[PDB]
Protein chains: 2
Amino acid sequence: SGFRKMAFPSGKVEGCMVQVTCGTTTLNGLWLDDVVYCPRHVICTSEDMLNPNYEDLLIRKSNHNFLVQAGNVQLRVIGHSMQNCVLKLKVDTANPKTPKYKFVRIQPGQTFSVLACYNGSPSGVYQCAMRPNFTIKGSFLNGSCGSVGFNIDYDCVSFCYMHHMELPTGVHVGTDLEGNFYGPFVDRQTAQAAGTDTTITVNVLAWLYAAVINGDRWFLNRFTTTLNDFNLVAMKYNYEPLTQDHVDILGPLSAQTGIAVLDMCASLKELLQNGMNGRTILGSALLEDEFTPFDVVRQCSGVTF
Amino acid sequence: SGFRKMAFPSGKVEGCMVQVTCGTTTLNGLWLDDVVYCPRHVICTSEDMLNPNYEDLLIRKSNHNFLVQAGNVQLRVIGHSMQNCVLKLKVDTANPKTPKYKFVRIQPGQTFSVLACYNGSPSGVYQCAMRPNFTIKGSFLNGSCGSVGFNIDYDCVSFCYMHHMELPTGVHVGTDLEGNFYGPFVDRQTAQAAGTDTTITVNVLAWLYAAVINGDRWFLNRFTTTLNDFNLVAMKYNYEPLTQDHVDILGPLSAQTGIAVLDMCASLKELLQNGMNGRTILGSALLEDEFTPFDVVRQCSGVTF
Ligand SMILES: Cn1cc(-c2cc(-c3cc(Cl)c(F)c(OCc4ccccc4Cl)c3)c(=O)n(-c3cccnc3)c2)c(=O)[nH]c1=O
Ligand SMILES: Cn1cc(-c2cc(-c3cc(Cl)c(F)c(OCc4ccccc4Cl)c3)c(=O)n(-c3cccnc3)c2)c(=O)[nH]c1=O
Ligand SMILES: [Cl-]
Ligand SMILES: [Cl-]
C-alpha cells in the first residue's frame, strides 16, 4: 500500500545524457546511436534570442563548432542538421549505452518522468504531465535546456519531451524529439502567454480509484450521475470534459473496485461542489490530476521494467 | 523555477539490484562488490514469520540454498552470514556496476530516494522521509522487500534504508544496511503499532523558504516570534520542537531570501493557527515536511551528481 508520485527508473536515460557546447553556450544533449539531439537555440547568443533566424545563424556554424562531451569523452561531430526546433549532431561513435527507444508525441493529460540535467549531468528525476494548455509544471533552472521527458515500457524508453524554455510565468515549454513544440510556443524571447490550465478530469478519477484501493473511502457517496450532467459541473470548475473514451480507459479500475465510473463521477461532483472540509485524500488536501489510469494500475499492481 | 518532489537519479542503484530466492521465497537483494544484502526473512516460510528463530532457521540452510540472479546471470554463493536483520551472501563475482558507496544510518526528518523493485527489477523511484516515529510513508506491494533507499553526493551513493515490512496500518518499516531496524520494530508477524506521526518543523520552514524563492509570498506576515514561543505553538499542532541547530541549518536559506528564521517561524505560526483559507503554497493545500533544507538548496541551485 501507499501511493506516491513515482518516476520511472532513470538509469537508461542517464547513460544518454551529454553536454553540448556551441561558442559560449552549453546545454544538454541526448545521445542515441550515433546522433546527439539538443535544442537548436544552442547556436544563439543572448542578442540572437530576441529574434533569431535559425537557418541564417546555422550558415556560420560547421561541425567543428559543436562540442559534445560525455564524461570527459569528447565525441567527434561528423555532421549536423536542423529538424524543426532541434539540432541533430551526427557523431562518429554509437552510444554504447543506447537503450531500446522510440520517439512519441504525447497528448495533453499524459504523464512522463523528467531527468533534470545540468552540463550533461543528471540532477534529479520527477514526474509531471502535459497540461491541457501544452505547458508542464516542472522544476528547471538555467542550464537545464535539453533535459528530456520519457516513459519506459518493459525495456523500451519512449522519449516524449525535450526542455526548451521557461515562460515569464514560470511554467515550462518544450518539444517532442522531432523538434515540434507542444502547443503554440516558438523558441524566441518574445511575448508568449499560456492558455487556461484546466484540470485533467480522467486523471482525478483515476486517483480517486487509487484512494479507494488504498483505504481512503470517506468521499464515496451514494449518488450517481450522467455524463452530460457531470460535464456541466466539470465546465463550471474548469475541469476537462469527460468522454466515453475516458470512461472506457477507467474500466479496469472500475472492475477492480466495483465502483461504476459514473458513480465515481458523482463523488467527484460532490467534492467539487463542497470542497474537502479540511480532510485529505492520499495525503493531499487538493484533487490530484497528474496520475493517469495507467499510472494507477501500474503502481497498484507492481509492474516492473 | 518550479518546485517538485525530486528523487536522485536511480541508475547507479539499478545496476546493483538482484533477485534473491530461498526455497519458495523471492525478494530483492543489493549486490555491492562481492556481497549481496537482503532481508533475513527471505529464509522464512509463512508459518515461520509468526515467531521465527532466525539462527535456528539458518542452521538448515547452506550456500547452495540461496539463489541469486542478476538479469539471467546466476551468481555463485560462496558464503553467508547474518548481521542483525540482514543476510550477507558472499558471491564469487564482484558487481562490475558497483558505484562508490557507503552505508549511513539517517536521523528522523532526513529524506532519501527509494527505488522500488520486484523480482530484482526496478519499478519506479520516489522521495520520502524518515518520519519521527521511524516509519516511512512509501509505496510498496508484496514482493518489494529488499528495495533500498539512498542519497547521492557527487558520485557516491549513501545507502540508508532496506525495506522489510508493511504494518497493518499501511506504513513502512525497515533497516539500515547494517540490518538494524529504524525505530523499535522487529521482523516478526506480531502486534506492532507506530507512535505519533509528528510534523518535521525544520523541513516545513525549508519548504516555506523554497516557496518564497519561487514567488509564493502571500503567507509572509509582519510578525516575528521567539524560539520558546514558537515551540509552544509547535507542540499544540504536533510539530517537532525547533532547536538552535535547526535555526543554524536554515541559515543559508535565510541569507538568500533576507528573511530571518524567527520571522519565518512567525509566518508558520499564523499558518498553523488560521489554516490556509483555501489557498495553496507551491501547488500544495497543506504544509509539506519532506523537503530538507539541503533538498531546497540543491533543487533551487542546480546541484548535479
Ligand atoms: C545560453 N543558454 C540558455 C539557456 C536557456 C534558454 C532559455 C530560453 C531560450 C529561448 Cl530560444 C527563449 F526564447 C527563451 O525565452 C523565454 C521567454 C519566452 C516568452 C517570453 C519571455 C521569455 Cl524570457 C528562453 C530558457 O528558458 N532557459 C531556462 C531557464 C530556466 C528554466 N528553464 C529554462 C535556459 C540554457 O539552458 N543554457 C544556455 O547555455
Ligand atoms: C515471502 N515474501 C514475503 C515478503 C514480504 C514480507 C513482509 C513481512 C515480513 C515479516 Cl518478517 C513480517 F513480520 C511481516 O509482518 C508485518 C506485520 C507486522 C506487525 C503486525 C502485523 C503484520 Cl502483518 C511482514 C512484508 O511486509 N511484505 C510487504 C508487503 C507489502 C508491502 N511491503 C512489504 C512482503 C516479500 O516481499 N517477498 C516474499 O517472498
Ligand atoms: Cl510523493
Ligand atoms: Cl511532485
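Below, chains carry the letters A, B, ... as their sequence lines are ordered, and counting in each starts from 1. Remember, it's 1-based here, ligands and their atoms both numbered in the order they're listed.
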Test: B/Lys5 cationic atom under 6.0 Å from B/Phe291 six-membered ring centre, within 45° of axis
yes
Considering non-hydrogen atoms of the protein only, which is the closest contact for atom 7 (C) of ligand 1, and what is the distance?
A/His164 O, 3.7 Å
Any atoms of ligand 1 less than 4.0 Å from a non-hydrogen atom of A/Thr190? List them with their elements.
18 (C), 19 (C), 20 (C)
For atom 26 (O) of ligand 1, what is the closest protein heavy atom, and at what distance to 0.1 Å?
A/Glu166 N, 3.0 Å
Would you say the side chains of B/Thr135 and B/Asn133 form a donor-acceptor pair under 3.5 Å?
yes
Between A/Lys88 and A/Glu178, does any NZ, NE, NH1 or NH2 come within less than 4.0 Å of an OD or OE carboxylate oxygen?
no
Heavy-atom neighbours of A/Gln74 CD exceed 12 at 6.0 Å:
yes
List the atom of A/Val125, the atom of A/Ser113, and the distance in Å for their closest heavy-atom pair.
CG2-CB, 4.3 Å
So the atoms of ligand 1 within less than 4.0 Å of a heavy atom of A/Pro168 turn out to be 19 (C), 20 (C), 21 (C), 22 (C)
Identify, for atom 37 (N) of ligand 1, the protein heavy atom at the shortest distance, and state residue, atom and that distance.
A/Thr26 O, 3.6 Å
For A/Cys38 versus A/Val20, what's the shortest heavy-atom pair and its separation?
SG-CG1, 4.1 Å
Closest to atom 27 (N) of ligand 1 among protein heavy atoms sits A/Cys145 SG, 3.5 Å
Which atoms of ligand 1 sit under 4.0 Å from any heavy atom of A/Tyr54?
11 (Cl)
Should A/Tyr118 be listed as contacting ligand 1, given a heavy-atom distance under 4.0 Å as the test?
no
List the closest protein heavy-atom neighbour of atom 14 (C) of ligand 1: residue, atom name, distance to the nearest 0.1 Å.
A/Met165 SD, 3.8 Å
Below 4.0 Å, non-hydrogen atoms only: which portion of A/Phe185 touches ligand 1? Side chain, backbone, both or neither.
neither
Taking only heavy atoms of A/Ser144, which atoms of ligand 1 are found under 4.0 Å from at least one of them?
32 (N), 36 (O)
Below 4.0 angstrom from a heavy atom of A/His41, which ligand 1 atoms are there? Numbered from 1 as shown, please.
6 (C), 9 (C), 11 (Cl)
Do A/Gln69 and A/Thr21 pair up side chain to side chain, a donor and an acceptor below 3.5 Å, judged on atom types alone?
no
the protein heavy atom lying closest to atom 33 (C) of ligand 1 turns out to be A/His163 NE2, 3.4 Å
Check the surroundings of atom CZ in A/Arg76: do more than 12 heavy atoms from other residues, nucleotides or ligands lie under 6.0 Å from it?
no
Specify the closest pair of heavy atoms between A/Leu58 and A/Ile43, including all atoms of both residues, with the distance to one decimal.
N-CD1, 4.0 Å
Given A/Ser147, A/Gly143, A/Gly146, which has its nearest heavy atom closest to atom 35 (C) of ligand 1?
A/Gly143
How far is atom 10 (C) of ligand 1 from its nearest protein heavy atom, and which residue and atom is that?
A/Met49 SD, 3.6 Å
In a check of ring pair (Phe, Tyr, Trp, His ring centres under 6.0 Å) between A/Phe112 and each of A/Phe8, A/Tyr126, A/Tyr161, A/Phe159, which one passes?
A/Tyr161
Could you find the nearest protein heavy atom to atom 2 (N) of ligand 1 and give me its residue, atom name and distance?
A/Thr25 CG2, 3.8 Å
